[PDB]
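**Q** Structure for the following, please:
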Amino acid sequence: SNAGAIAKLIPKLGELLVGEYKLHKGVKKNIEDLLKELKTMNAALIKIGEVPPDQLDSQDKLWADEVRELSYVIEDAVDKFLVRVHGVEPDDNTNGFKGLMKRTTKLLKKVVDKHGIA
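**A** Numbers count the residues shown, from 1 in each chain. Okay, here it is:
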């Protein structure tokens, strides 16, 4: 699977959506959001994958790459579980949500031109 690595992250985020963590409801809100994007992005490769590599351009290659690199951020999703026992507390500032929401919206704005992913 060329983009399988990204698809394997689907369940990775679901672990926090199932209710298996020691955090408030406001925390999981960050996880459900991440998966919400990958859910459409990943599935997109399946629909758009129908076309040959000739249709893809120098930019298209970056579109998918940006989604793959995002996997690095997903690690924090489950890491939040250990961060608890560590003594550290959740913070909207430290969480850097501004970087995740901005990194996602950028990719989503590109998919909206295909189907209109809100």
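
**Q** residue boundaries of the helices in the protein?
**A** Counting by DSSP state H, one finds helices in the chain at the ranges 4-7, 9-17, 25-48, 60-69, 71-85, 97-111.

**Q** Among those helices, single out whichever gets nearest to residue 91.
**A** Closest approach to residue 91 among the helices of the chain (C-beta to C-beta): helix 97-111, 9.6 Å. Yep, even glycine has a C-beta here, placed from its N, CA and C like the rest.

**Q** and the closest residue to residue 117 other than its chain neighbours, what is it in contact with?
**A** Excluding the flanking residues, the one nearest residue 117 by C-beta to C-beta, 6 or more residues apart in numbering is residue 111, at 4.4 Å. Neighbouring residues of residue 111 by C-beta atoms under 8 Å, 6 or more residues apart in numbering: 40, 41, 44, 117.

**Q** Looking at those residues, which is nearest residue 6?
**A** residue 41 (7.3 Å).

**Q** isn't the closest one right up against residue 67?
**A** Yes: look at residue 41 against residue 67 with C-beta atoms under 8 Å: they come within range, at 4.9 Å.
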